[PDB]
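First, one chain by itself: the form deposited in one PDB entry, in structure tokens.
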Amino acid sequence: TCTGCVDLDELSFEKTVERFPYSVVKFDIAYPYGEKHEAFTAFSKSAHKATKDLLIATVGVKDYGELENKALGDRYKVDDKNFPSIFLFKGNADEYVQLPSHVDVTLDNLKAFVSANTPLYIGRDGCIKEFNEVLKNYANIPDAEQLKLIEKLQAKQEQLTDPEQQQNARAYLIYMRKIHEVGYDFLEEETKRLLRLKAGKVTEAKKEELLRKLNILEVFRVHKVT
């Protein structure tokens, strides 16, 4: 299927959607693959890191054959012409919004579809929303402000529980410290390092970590330095 996606059928569908605050469900071919499904996969992974309240699910509809989930495609008025079709539910299989048929299925667009329609926000992997808010043009604030930002965020660092997020905050703190010490030259250096490392010998978990670092690194970019 896709990682962290829950594939639902006519018996599980409503009863599962009805247990979650929000659900985003991709109705598609029973054996989906291709750019759009990969984008929904990436979105499942990002969503799952970003929220506690959002079910990411798929329903595979088989037309001809001994039919699978055709009731569901019928209920939601989606068939071979519409796929993949993205629905967003809010606890009630009868109340939903459907991603406009003209919107490209990309991670970015799926993430905006959720934010446009729920209070949830799915940031970039590695980013910590709290940190971000206090970090814009960190690289242009005075050394003493920077030094202040470092002590506060280092406090939230140890108020955080999830390993992923604890690693993320440590990268933020490292970058604050480097950018405090080296100035903005740091960005390009760290970028080149992370990219050479990503384009080298490393695992599944390895390239994700490096991407999370890059996304965290991006927060510290400014349009002019001063």
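Note that residue numbering follows the sequence shown and begins at 1.
There is also a form deposited in another entry; it is not shown, and the following applies to it.
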Selected hinge residue, 121, 104, 65, 152 [rigid parts, motion between the shown form and the other one]
121
Once you account for a change of 3 Å or more, let me know if residue 38 and residue 218 sit closer or farther in the other entry, using their C-alpha atoms.
farther
Closer or farther: how do the CA atoms of residue 21 and residue 133 lie in the other entry, compared with the form shown, if the change is at least 3 Å?
closer
